[PDB]
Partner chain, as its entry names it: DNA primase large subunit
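Next up: a single chain in structure tokens, the form deposited without its partner chain.
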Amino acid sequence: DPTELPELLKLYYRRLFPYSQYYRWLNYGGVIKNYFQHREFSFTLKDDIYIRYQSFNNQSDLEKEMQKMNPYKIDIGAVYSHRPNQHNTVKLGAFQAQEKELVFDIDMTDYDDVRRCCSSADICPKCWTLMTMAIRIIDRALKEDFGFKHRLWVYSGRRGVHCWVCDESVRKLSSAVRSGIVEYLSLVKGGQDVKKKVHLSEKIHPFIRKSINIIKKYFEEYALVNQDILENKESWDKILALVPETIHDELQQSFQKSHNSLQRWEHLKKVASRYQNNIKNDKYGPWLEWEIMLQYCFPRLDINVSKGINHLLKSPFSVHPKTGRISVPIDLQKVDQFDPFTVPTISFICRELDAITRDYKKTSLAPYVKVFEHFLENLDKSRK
């Protein structure tokens, strides 16, 4: 019921929202003129009403407007050529997005075809490991393959995670280059009319090998125990749909003679590595095994979020109105331990604040601000 939110939001924006850390972030050291003043913010108010092209002069101005409007959620957009809140006085064609963080949005709902426990916006500990693998796979590539140093991972508050890549030269990337980065990171392709969504080449690129090796660390506990993807014929038929027909019968017989998913996976790998893809040559390998693991575990991005320079994205420390959860930074050093269900709601921290220094340090929000500050300290070091 979003009728209790206004009272809780007013307290949150008055005593708990981390304004000074937030401004340290988006002011980026104050080195570039008008960088914060030219940032678009988009507030959502009651009744799904929202406003585009809000912008503020400084931290005090942001605080006062957030505390005046108490928005249900806050989205961050690009840095523009002029003040967004003056964009109607700008000659046509001159008001232009110029810079923005490279962002990623990952939605558990995009995995429904390979999730057995949950569907739609639901999540649980048995499928959250998909996000753990997505963070590790994507973050490794952003850090090691692209050399991006300033990466803020955030729980979106309901069904997934965000990443904000904030390096100086990343923020200037064109939409076309952003799109190229997405394609580099993408392997799972196809809608609901495409049964087999992953096709690998004979020689696998090191990004693919390294991503497979990450999944291999999690696959037994995630796919074979928690999801039990080969529990019975209803489940293992979905996997047989991803391999050549000419081995279904052999695998059916092995599955029926095995006791559990662990044993049945071992048989699939043995058979798959004996399949002859090209009768021309005598070359064999684990391509099928890899294509299955990738289809079930490899990150699926909400790609349109990443391609557009102008694209809004929900802010860190925004409330998610549908759950009350605060969109909190994720401690990269404890990603395996992240529990979305310990993430505090706005109701929970407002209760803590006044249960028997009146700021977020009295509440469960404090450790999440600490992660944010570590990210901000690295940005500070990078500028001196």
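Shifts are known only where both forms have a C-alpha. Numbering follows the first chain given and starts at 1. We call the rigid core the largest set of C-alpha positions that still match within 1.5 Å between the two forms.
Although it is not shown, the form deposited with its partner chain bound is what the next lines describe.
For its partner chain in the deposited complex, the listed stretch (87-95, 256-264, 173-181, 113-121) containing residues with heavy atoms inside 4.5 Å is 173-181. Checked against its partner chain in the deposited complex, the residues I204, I215, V103, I229 give one hit for a heavy atom within 4.5 Å, which is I204. The partner is absent here, but in the deposited complex a heavy atom of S186, alone among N310, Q276, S186, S81, sits within 4.5 Å of its partner chain. In the deposited complex, at least one heavy atom of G147 sits within 4.5 Å of its partner chain. Contact between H248 and its partner chain in the deposited complex is not found at the 4.5 Å heavy atom cutoff. Interface residue remark: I208 is counted as part of the site for its partner chain in the deposited complex, having a heavy atom within 4.5 Å.
After superposition on the rigid core, stretches of three or more consecutive residues whose Cα atoms move by at least 2 Å between the shown form and the other one are found at 1-3, 46-48.
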